[PDB]
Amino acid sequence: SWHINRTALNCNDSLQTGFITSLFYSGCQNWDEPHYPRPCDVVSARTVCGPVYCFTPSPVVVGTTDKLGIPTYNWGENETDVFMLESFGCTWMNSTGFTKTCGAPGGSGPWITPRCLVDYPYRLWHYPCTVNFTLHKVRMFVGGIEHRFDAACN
């Protein structure tokens, strides 16, 4: 049920860093060691810049909804739009350029171990320190369901 209109586009480069370039077109700041992940909750879409990804472990995009879980198609403009993350591990860019994560696929966000993470289309924007990582095919079973995804590792 995903649509491109369900992408929160609420970016505010108030620190004047130019971080938004890789959303269209070096180091991972405020590094979060994968171990002991924080729990996923409800994220206000007004704080989100660009696509939200979760990792089941396979990568899946999460779109804006209202606070009762109904898909919304306003590019995150409505200040009641949210991402209901609890409904495994997820990551997104917040409006001022900070990469945020919750949960795990211990792991954190897309990271499996401190040296490997799930590949997805916005990996290098969310984690620029992984530009030179190598990619490996992975297969994993979670409760009988088969996952096939690429992993990027150092």
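Each residue number is its position in the shown sequence, starting from 1.
> When you step from residue 105 to residue 106 in this entry, do you jump over none, 1 to 3, 4 to 9, or 10 or more residues of the deposited sequence that have no coordinates?
4 to 9 residues are missing.
> Unmodelled stretch from the deposited sequence between residue 87 and residue 88, which bin: none, 1 to 3, 4 to 9, 10 or more?
Count of unmodelled residues in between: 4 to 9.
> Mind pulling up the entry and telling me whether 140-148 or 7-15 has the higher mean Cα temperature factor?
Taking the mean C-alpha B-factor of 140-148 and of 7-15, the larger value falls to 140-148.
> Please compare 37-45 with 59-67 and say which has the higher mean C-alpha temperature factor in the record.
So the stretch with the higher mean C-alpha B-factor is 37-45.
> Which one of 125, 98, 53, 31 shows the biggest C-alpha B-factor in the PDB entry?
In this record, 31 carries the highest C-alpha B-factor of the candidates.
> Taking the C-alpha B-factors as the PDB entry records them, is residue 129 in the lowest, middle or highest third of its chain?
Within its chain, residue 129 is a middle-third residue by C-alpha B-factor, going by the deposited values.
> Using only modelled residues of the chain, where does the Cα B factor of residue 117 rank: lowest third, middle third or highest third?
Middle third by C-alpha B-factor.
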